[PDB]
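Encoded as structure tokens, here's the structure I'll be asking about.
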Amino acid sequence: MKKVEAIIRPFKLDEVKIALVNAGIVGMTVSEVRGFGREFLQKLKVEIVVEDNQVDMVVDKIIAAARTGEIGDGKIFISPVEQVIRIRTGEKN
Amino acid sequence: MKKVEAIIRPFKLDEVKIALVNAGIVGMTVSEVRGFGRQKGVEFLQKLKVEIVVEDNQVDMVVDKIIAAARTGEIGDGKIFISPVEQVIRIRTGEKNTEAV
Amino acid sequence: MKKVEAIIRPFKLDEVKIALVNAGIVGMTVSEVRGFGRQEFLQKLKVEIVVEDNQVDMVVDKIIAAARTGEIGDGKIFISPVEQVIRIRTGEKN
Amino acid sequence: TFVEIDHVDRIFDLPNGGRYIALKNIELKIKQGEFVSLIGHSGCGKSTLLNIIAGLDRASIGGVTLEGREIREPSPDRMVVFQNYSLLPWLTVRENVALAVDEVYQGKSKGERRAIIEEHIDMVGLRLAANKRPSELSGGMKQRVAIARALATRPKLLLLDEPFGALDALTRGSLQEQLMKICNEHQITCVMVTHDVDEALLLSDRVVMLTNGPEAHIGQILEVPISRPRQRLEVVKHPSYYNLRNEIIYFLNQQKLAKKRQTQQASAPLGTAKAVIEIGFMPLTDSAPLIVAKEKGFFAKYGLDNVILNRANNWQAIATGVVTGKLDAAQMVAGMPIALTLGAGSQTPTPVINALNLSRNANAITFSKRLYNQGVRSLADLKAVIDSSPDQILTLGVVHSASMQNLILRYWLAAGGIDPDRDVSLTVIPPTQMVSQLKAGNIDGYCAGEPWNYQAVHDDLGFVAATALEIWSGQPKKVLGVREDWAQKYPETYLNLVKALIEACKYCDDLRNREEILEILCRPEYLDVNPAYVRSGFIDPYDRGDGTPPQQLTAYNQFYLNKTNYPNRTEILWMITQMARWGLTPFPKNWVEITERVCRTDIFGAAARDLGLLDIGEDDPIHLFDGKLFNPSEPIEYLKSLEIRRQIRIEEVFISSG
Amino acid sequence: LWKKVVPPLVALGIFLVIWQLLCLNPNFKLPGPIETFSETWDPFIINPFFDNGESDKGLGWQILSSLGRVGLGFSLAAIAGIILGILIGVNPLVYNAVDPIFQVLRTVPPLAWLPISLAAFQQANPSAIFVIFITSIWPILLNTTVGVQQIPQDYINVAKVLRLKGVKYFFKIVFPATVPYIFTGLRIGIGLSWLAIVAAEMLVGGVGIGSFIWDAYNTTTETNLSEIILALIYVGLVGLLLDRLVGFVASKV
Amino acid sequence: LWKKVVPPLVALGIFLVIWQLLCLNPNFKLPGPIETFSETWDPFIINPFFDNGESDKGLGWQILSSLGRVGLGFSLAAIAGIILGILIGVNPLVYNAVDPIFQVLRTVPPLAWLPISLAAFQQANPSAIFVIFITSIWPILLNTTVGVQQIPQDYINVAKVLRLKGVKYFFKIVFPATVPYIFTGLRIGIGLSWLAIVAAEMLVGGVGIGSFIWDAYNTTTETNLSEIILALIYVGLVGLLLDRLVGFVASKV
Amino acid sequence: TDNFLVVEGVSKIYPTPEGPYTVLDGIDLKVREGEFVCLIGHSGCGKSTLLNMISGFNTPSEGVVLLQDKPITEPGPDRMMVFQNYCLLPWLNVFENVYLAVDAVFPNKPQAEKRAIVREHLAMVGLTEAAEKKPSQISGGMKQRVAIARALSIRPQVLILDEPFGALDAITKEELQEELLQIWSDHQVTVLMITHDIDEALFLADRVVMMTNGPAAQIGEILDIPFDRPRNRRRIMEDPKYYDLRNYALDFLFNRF
């Protein structure tokens, strides 16, 4: 399991979810942020975790979702994840 | 040296810290996020992104405490992503990797 | 390459601006967190800075210097790893 | 994935809080273009399961999910075909079909919807009778309209709630044949619910046979390997179609047979008022939950009053005591309860149920220093060494003949290309004095518990070599076994006994309280050793004793963490396919019934929800170092795919009720 | 024809024949069939609409005047029976909260409302309608409300998997299902309405079938009894056709 | 219990308040709940069996006066379809030869017989009993004569396979197969019988319910309407008892 | 036994104002005493009419049916029948139901002796425990139980069995078939069951006859069941000869017709 984390403009939410819902990736946490760049913007923080193979597929969709050339559109942070434990079931990995 | 991040139900708080505090973990960084998954409504839901850093010894025990407390039975109860941390620094003293808390 | 994710008091946000920009890396991400350590819940803010690995020391010291308060609720600094980040505007492996 | 029935645990509410549990932990994933058929003896939840899928009912826990998005209300995407005819009598068949299309396809006007009705009424074959009324139509094709209507809206999960069961057998046929052409001609998935075996197994793709009685759950997902293009009179002549039909018929018979027994068991004389309950155990730090349950008064907290812990000396004493009635509820090794219920050794099968598996991952296969200096440092090294020459063929050791010490050890040896009973020798030896056994030289290896294995490391008489974690990190080692006779009697004093140990496990699992337990396990009446012998692996980093730095084993004495406390069937059944692999017992032909008889999860479920605990045990694929993907629905195939084994012999094992 | 139409015609002759010979017997001093149509053939049988003034019109007018009241009446009840009948039954709570009251109110016979109906409405004409309206909704309302809750569970579920909830539900599942029950309610409502109109006039008088039969009894003449029997048979026929009229529309739907 | 008794009592409270507040309107000249029960409490509730001597006793005697008439009467009609009903039906030739006549006679409104009933019988007491007998007879035998024509074909076959014929066939196959339908006729008949008695006394006078309402209504007084509405409650309530007790008998068999 | 119930070319022609229908045509059946003939066939093939004809409820209109050389023309207690709807009177309790059959066939028998006959013909079917419950208050499976018990209260020669197991669940049939089979080898009464489920007939039969469907139905391909008389349900299905028969019957009902 690997983590994929991206920052996108607030009004672009219904461009990655739409690009991801039909991509077979259901699940994502979106939280507000206040970036600086270059007073503070009101960007959005989309956060997903997927297997290693799906990173290339999902990452391409995210960049292709909010793709408008204007400085200050965010990046795609990705981090490792040792375990992903559900709550309803309690399974592992 | 591991970092728990347990997305839980919006109201299940006050049942996590009451039980989790008994496990020797005192520091927590609860937050608020909007979630979207297999639950039905109307499109984006509200969840708390409980965020804890724990020692490797009790990582498997802290996660168990949250699961029992935050469980509901119906889907949409969240997950627990455990990620590593290398150089946790406490600005009280700037100590080594040890939490000292 | 290290996702510095320090937690600081709300009042110590504008001070780090001079230190943050002076460090050479100014861009970052900010948010609000209902922190809970010793001190019920009290509002704090969480700052995420993906600083280059070779300059992690040069940034951590500045934050503590500008975030030094002494009283309870001082804050903590985390250092999480990253393997490669990309720019959504361009999309170049880093 | 497509429709997947997540863990669904529909509870039915009854007067006086009956809480009659209909289904529990029904996990089942359906792919696209699938025709899963939910065969099952009447009494279990079949319509209840289908109603949940149809959405007409709300699942108490969990819930079905379609295309990765839960369904909470009925919708025209998962149609149904009710057992009752359910046709609007005041509408012609064309208008009956027009009811669904006129409502769903609201974006299409007249003309482009007339074709939909006309063609759908034609594929099902209900062509000539297109203007009649449901009263006029006979019962035969009165159920074709319901199928035609359901297919008219082009649904995604067309369900079939036993649509044609009232019809006679001849009309039961010649209607499946019509329903076969639709499946072959079109691409439609379904979830059929049928009572007749021939109904399923004939137009289905994967039969999901449910268990019986309260707390139902899928027992065996039978698979039907027939080429999908099917003809009712050509599949019948398939070489291996009647073989499958005898598997379903045999299974359904067992539920019929082993349901009157359940009724008989309930209606039996109750037990007396026991003054003292004698519990047997063996000296091992892994037995901490039983000991701490007494010294800390956990038994008293639940009003169990006096309990006597009759410490044993050899593992055979526990087996003899419980079966003979001398003791009762003796903590015993994981694999022997399923060994006594099958009589591993031609002995009389005496039922011994398992409900509170209470430890895991506490075995270490240590070897003597002779192999260490020889060059043995892993499985591969040993294999070459033995191949050199017999040279006093190595004789290993095991605590008990039939348990998860003589099975996993054999599996580890077998996977290395070594025959346990030919290339080496396994001799049962009590752990108490096995420490002196190695010094004598009779054997060279161990499969004992924690405290005794470390003796060789501290005395420099051997090295740990292998470990439970690096062989299988779910390895059961202890389980609470009570004679099935002493379960209908004394319905209480068992749940209170089950509850007491669960709390004892929880108390002794926290790293903070483990230090206190160290002293309690160093008394003459309990495991008697110098306190600085059990520290390793419990509250100290494990010392492998093979010229390597100690490594802190985080989970090497699991008691509560990672969901240990659950008698999951999937891994007890893996023992049957290993006792049979070595010829210790014929592989039972009715494992689907013995397995749900030894693992009494009904007791645990009532002792977990009341106490507060994750009652839903994990689906446990038996993952060893070399995961072979054990499939807990076709053990015979798995048992036939192992390179080293003994002649497989399948027969029905019969056990007297008592 | 010869097996179902011819026989009853024979029944008339035998019934009439036995009815004869009772004139000679002093008991049952009723007009004889031979002379029942003797003094009534000319003035009444031949002329239905024998208008001559006020409260003296021929039998034709009386039937229309009485039948007209059951026309204007029983329609303010049918409209108020179907409507307000579905509203009860869909909600089990309200049904059980008023069901016992209708049961008691459904049993009070006609001509028990009339004494109080006249009090509220001084005029005589708008009192026969009220008694008919209030004595005819009960049979309709009880038959309509029961039909709503006797809808088979089969039709509800097939109306649920299809998202038919809304107004379309009540015009494709509920209403067409209770139509058979309504006509069962109208079967006895129409007859019960006729049961009161004929008896709702001989107390208050006025033009109509009632007060023609009743007034004849009060005034003894040479033709009083003959006209009562002649009127007594028309009430039977009109009742049959009026009730059988609802028996024909029922077949169509 | 609390879910089926509380609801209906709520309706009365709503009915009472709705019934109340209509007195404030002078045009709506009807008694209100506050006083319709107040003055009537002493002379007609606390002492139901108050006897004065001349057609002016208490309500209890008035109710039992008419209840006796429908009891002594309607027992001749009670065994009408029990005897005459079974004789028809078992004879298909005559069943079709009497159906049209009884259908017309059945629908003739009750109390339309009274004008000729008083003509046949000079007296009045054996005239308000005949009206009940001739009006309640039809629903009993018609609903009994339908059973003999609708005994299930299943019970005929089980009797043909055995050599069951003659008297033994009647008392074990046919007659028990109409009892479930006879009690449908009695339920309709008894309710329809209650209608005739209440209205019949309103035109012949004398002691008995019904005449009480007309007697009070005609004799306008200070509070005549006060007891008429109460009399409405009794006649409505009493009929419920008669209708429901007959159903209880049908419950046993 | 040589010449028990025989059917000699019976053929019934219904009115059918549109013309002829000839539901039956050229039927030739020879039932031997103590057999278990079965008439498995499609719905609407005239199979019910055929037994409904020998039972005496119809007239062949083309031939005769001879029972010991005595033509059958009227219903009687000898050809005791069992209907599909259980033909049970809801008034009389289960006990009084059986007593009705015995009384109608043994009128002069002493009273309190018939009470024994009905009582002793209620334990072979396992129904003496419930001898007072009314049919409306008894299980559907047990309801069918007192229709052969009543039919066995008499001493019949031919016990015509219309499809009795048309509503019983798949579990009650297994118990009921054995009970019916068990009592068959107690009296040795010829029985002519009508059964749709093919697998039932092979387990429970001696000579099953399949009649071609359509307007002109004819008896064809009279099978023979050679399994041992003390039938074991689970010992024949796995036998490698019940396969060659069942799949052959399916080839004469679905493939051909």
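Order of writing sets the labels: A, B, C, D, E, F and G. Residues in every chain begin at 1.
The rule is short, and it goes like this: a residue touches a chain if its C-beta (ideal position, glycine included) is under 8 Å from a C-beta of that chain, and two chains touch if they have at least 3 such contacts.
Any chain that touches chain C and also touches chain D is listed here: A, B.
Rotating chain E by 180 degrees superposes its CA atoms on those of chain F, with the angle stated to the nearest 5.
Remark: chain A and chain B have CA centroids separated by 20 Å (rounded to whole angstrom).
Here the CA centre of chain B is 72 Å from the CA centre of chain G.
Put simply, the C-alpha centre of chain E and that of chain G have 54 angstrom between them. Shown for chain G are the residues in touch with two or more other chains, of which there are none. In chain B, the residues that touch at least two other chains are 31-32, 38, 67, 71, 73-75, 83-84. The touching residues of chain C, when paired with chain A in their complex, are 3, 26-31, 50, 80-89, 91.
Every residue of chain E that touches chain F in the complex is listed here, in rising order: 3-4, 7-8, 10-12, 15, 28-30, 93, 96-101, 103-105, 107-113, 115-116, 119-120, 191, 194-196, 198-199, 202-203, 213-214, 216-217, 225, 228-229, 232, 235-237, 239-240, 243. In the complex of the two chains, the chain B residues touching chain D come out as 23-24, 38-40, 56-58, 60-61, 64, 67-68, 71, 73-76.
Interface of chain D with chain E (complex): residues 54-56, 74-76, 78-80, 82, 84-88, 90, 99-100, 103-104.
The touching residues of chain A, when paired with chain C in their complex, are 6-8, 31-38, 40, 43, 45, 59, 62-63, 66-67, 69-71, 73-80.
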